[PDB]
Amino acid sequence: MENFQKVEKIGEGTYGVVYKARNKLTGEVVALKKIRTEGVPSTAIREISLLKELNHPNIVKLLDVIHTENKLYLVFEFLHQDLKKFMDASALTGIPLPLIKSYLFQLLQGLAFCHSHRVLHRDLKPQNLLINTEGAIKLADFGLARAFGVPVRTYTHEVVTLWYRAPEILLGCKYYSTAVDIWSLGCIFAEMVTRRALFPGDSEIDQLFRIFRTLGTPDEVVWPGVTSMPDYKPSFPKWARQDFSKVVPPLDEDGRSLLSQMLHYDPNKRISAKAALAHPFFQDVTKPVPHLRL
Ligand SMILES: Nc1nc(N)nc(-c2ccccc2O)n1
């Protein structure tokens with residue numbers, strides 16, 4: 001659009017490509033997400049438009065929902081770096097625990113906020129978590145899955161990230177809950193700590209089995225109703241559960257306890273964002289300044 005002097009493409013998401021752009025007139029720098037065709041659901045436009053009203057320090061502000069020329073663009077406030085890039089940049093030394101704690105605490109505040117407003121993310125991953133020089137971290141692209149639905153393949157063909165998908169989704173549950181976001185965040189927490197993805201599945205079944213090999217194959221005792229899930233198969237191998245001390249070393253017991261509650265199989269037992277904020281792990285939380293190289 002001629003309203004911008006486009007700076008560059010900065011990444012690609014499940015629901016569309018993201019660009020950095022500068023308003024030729026206002027000079028404002030923003031993130032522009034181009035949503036990908038038939039007739040563009042009218043239901044979704046109003047739903048996504050309602051997200052412009054969300055205001056929280058830990059949620060990337062949705063400035064505008066542009067529906068012109070029969071195209072859909074989301075205009076977001078711009079942050080300079082995503083968590084995936086920061087984790088890669090911090091891979092040699094690791095992100096200091098106080099910063100990991102600060103980021104997790106903030107992310108839980110953002111999730112607690114969205115969930116209380118009946119907004120789910122459903123596709124949380126390091127790539128859509130953004131950070132700034134002031135130590136803040138924010139979640140972007142909330143409520144897109146509920147509004148549009150869910151693709152399967154990108155026009156550019158990009159290996160969809162299954163690494164952060166909750167088990168109930170992988171087992172074919174049709175009715176997601178806020179618990180799926182807690183699961184994704186738990187996976188991200190683990191990754192910040194170990195500097196390695198927790199469950200790096202290559203396929204949907206490999207993703208599920210990686211979860212099973214670590215947390216044990218779920219059964220009716222730990223997850224009532226699991227054997228009746230749409231894609232559950234009695235033929236699934238039965239793996240014994242591992243110890244978290246082996247999963248996220250050298251995280252302390254407060255952190256392991258919190259992570260274990262975020263990774264409960266049963267969405268109904270999985271800790272809520274609000275309850276997580278009260279966990280002892282956050283007793284000494286602070287807000288450190290990250291070492292950001294832009
Ligand atoms: N890959 C990526 N990189 C930066 N620096 N920002 C974003 C971004 C994505 C959505 C909303 C706001 C944003 O800054 N996305």
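For this chain, numbers begin at 1 and follow the sequence in order. What's counted below: heavy atoms across the whole structure, side chains too, no hydrogens, waters or symmetry copies.
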Fill in: Transitive ILVMFWY side-chain link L215 to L170, under 4.5 Å
yes
Item to complete: State whether the side chain of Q127 and the backbone N or O of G13 hold a donor-acceptor pair below 3.5 Å, judged by distance alone.
Response: no
Worksheet item: Using the ring of each side chain (for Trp, its six-membered ring), is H117 parallel, tilted or perpendicular to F113, with breaks at 30° and 60°?
Response: tilted
Worksheet item: In this structure, are over 12 heavy atoms from other groups packed under 6.0 Å from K274 atom NZ?
Response: no
Worksheet entry | Test item: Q106 side-chain N/O and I137 main-chain N/O as donor-acceptor pair under 3.5 Å | yes
Worksheet entry | Whether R196 side chain and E191 backbone form a donor-acceptor pair below 3.5 Å | no
Fill in: Of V193, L99, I188, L258, the residue whose pairing with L104 passes side-chain contact (heavy atoms from CB on, under 4.5 Å)
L258
Worksheet item: Within a reach of under 6.0 Å around NZ of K61, are more than 12 heavy atoms found that belong to other residues, nucleotides or ligands?
Response: yes
Discussion item. Would you compute the distance between atom OG of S102 and atom CD1 of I95 and round it to the nearest 0.5 angstrom?
Written reply: 11.0 Å
Discussion item. With a 4.5 Å cut-off on side-chain heavy atoms, are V222 and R241 touching?
Written reply: no
Item to complete: Can you see which heavy atom on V119 is nearest to which on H115, and at what distance?
Response: O-CD2, 3.4 Å
Worksheet item: Looking at OG1 of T161 and CD of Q207, how far apart are the two atoms once the value is rounded to the nearest 0.5 Å?
Response: 9.5 Å
Worksheet item: Linking I/L/V/M/F/W/Y whenever their side-chain heavy atoms sit closer than 4.5 Å, directly or via other members, would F78 and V17 fall into one cluster?
Response: no
Fill in: Closest heavy-atom pair and its distance - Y176, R146
O-NH2, 3.3 Å
Worksheet item: Sub-3.5 Å donor-acceptor pair from the side chain of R256 to the main-chain atoms of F244, do we have one?
Response: no
Practice prompt. Run the salt-bridge test on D284 and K101 with the 4.0 Å N-O cut-off and return the result as yes or no.
Written response: yes
Worksheet item: When rounded to the nearest 0.5 angstrom, what distance separates CZ in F236 from CD1 in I205?
Response: 4.5 Å
Fill in: For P200 against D206, the heavy-atom pair lying closest together
O-OD2, 4.1 Å
Discussion item. With heavy-atom distances below 4.5 Å as the criterion, would you say the side chains of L74 and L144 are in contact?
Written reply: yes
Worksheet item: Does the side chain of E12 come under 3.5 Å of the side chain of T154 through a donor N or O and an acceptor N or O?
Response: no
Response to the item:
Heavy-atom nearest pair, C173 first then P230, reads N-CD, 4.4 Å
Practice prompt. Could you tell me whether the side chain of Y15 and the main chain of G149 form a donor-acceptor pair under 3.5 Å?
Written response: yes
Practice prompt. Determine yes or no for a side-chain-to-main-chain donor-acceptor pair under 3.5 angstrom, with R22 supplying the side chain and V29 the backbone.
Written response: no
Item to complete: For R46, look at atom CZ and say whether over 12 heavy atoms of other residues, nucleotides or ligands are found less than 6.0 Å away.
Response: no
Worksheet item: Where the side chain of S49 meets the backbone of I45, is there a donor-acceptor pair that is under 3.5 Å apart?
Response: yes
Worksheet item: Do side-chain atoms of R195 reach the backbone of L92 as a donor and acceptor pair under 3.5 angstrom?
Response: yes
Item to complete: Could you check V65 against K52 for side chain to side chain contact (heavy atoms under 4.5 Å, CB included), going step by step and ending with a plain yes or no?
Response: CA-CA 8 Å; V65 170; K52 293 190 296 185; 4.1 Å; yes
Fill in: Cluster overlap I271 with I169, hydrophobic side-chain contacts below 4.5 Å
no
Worksheet item: In this structure, are over 12 heavy atoms from other groups packed under 6.0 Å from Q283 atom CD?
Response: no
Worksheet item: With the 4.5 Å side-chain cut-off for hydrophobic clustering, are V150 and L162 part of the same group?
Response: no
Practice prompt. Evaluate the side chain to side chain contact (heavy atoms under 4.5 Å, CB included) criterion for residues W183 and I211: first the C-alpha distance (whole Å), next the side-chain angles of each, then the deciding distance (0.1 Å), finally the verdict.
Written response: CA-CA 11 Å; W183 178 277; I211 294 170; 3.9 Å; yes
Worksheet item: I59 and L51: same hydrophobic cluster, using ILVMFWY side-chain contacts below 4.5 Å?
Response: yes
Worksheet, complete the sentence: For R122 and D181, the nearest pair of non-hydrogen atoms, with its separation, is N-OD1, 2.8 Å
Discussion item. Would you call the rings of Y265 and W223 parallel, tilted or perpendicular, taking 30° and 60° as the class edges?
Written reply: parallel
Worksheet item: What closest approach, in Å, do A136 and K287 show between heavy atoms, and which atom pair accounts for it?
Response: N-CE, 4.3 Å
Worksheet item: Counting only heavy atoms not in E69, do more than 12 fall under 6.0 Å of its CD?
Response: no
Practice prompt. Look up atom CG in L130 and atom NZ in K138, then write down how far apart they are to the nearest 0.5 Å.
Written response: 9.5 Å
Worksheet item: Under 4.5 Å between any side-chain heavy atoms of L32 and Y73, yes or no?
Response: yes
Fill in: Pair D243 + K246: basic N to acidic O under 4.0 Å
no
Worksheet item: Do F281 and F189 have ring centres separated by under 6.0 Å?
Response: yes
Discussion item. Can you confirm whether the side chains of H279 and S257 place a donor and an acceptor under 3.5 Å from each other?
Written reply: yes
Item to complete: Kindly assign one of parallel, tilted or perpendicular to the pair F282 and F105, based on the angle between their ring planes and the thresholds 30° and 60°.
Response: tilted
Worksheet item: How long is the span from the OG1 atom in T214 to the CG atom in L198, to the nearest 0.5 Å?
Response: 6.0 Å
Discussion item. For the NZ atom on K71, are there more than 12 heavy atoms of other groups (residues, nucleotides or ligands in this structure) within a distance under 6.0 Å?
Written reply: no
Discussion item. For the CG atom of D231 and the CD atom of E204, what is their distance to the nearest 0.5 Å?
Written reply: 8.0 Å
Item to complete: Report yes if the side chains of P224 and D266 come closer than 4.5 Å at any heavy-atom pair, otherwise no.
Response: yes
Item to complete: Please report the C-alpha distance between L83 and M192 in whole Å, then the side-chain angles of each, then the deciding distance to 0.1 Å, and finally whether the side chain to side chain contact (heavy atoms under 4.5 Å, CB included) criterion is met.
Response: CA-CA 9 Å; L83 190 64; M192 286 194 278; 4.2 Å; yes
Practice prompt. Would you check if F199 and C187 make a side-chain contact, meaning some heavy-atom pair closer than 4.5 Å?
Written response: yes
Worksheet item: Between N128 and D123, is there a donor-acceptor pair closer than 3.5 Å when you use the side chain of the first and the backbone of the second?
Response: yes
Item to complete: Spell out, as yes or no, whether a donor-acceptor pair under 3.5 Å connects the side chain of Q81 to the backbone of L294.
Response: no
Fill in: Test side chain to side chain contact (heavy atoms under 4.5 Å, CB included) applied to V60 and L79, step by step
CA-CA 8 Å; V60 177; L79 277 89; 4.2 Å; yes
Discussion item. Side chains of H291 and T93, heavy atoms from C-beta outward: is any pair under 4.5 Å?
Written reply: no
Worksheet item: Given side chains that start at C-beta, do those of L54 and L62 come closer than 4.5 Å, heavy atoms only?
Response: no
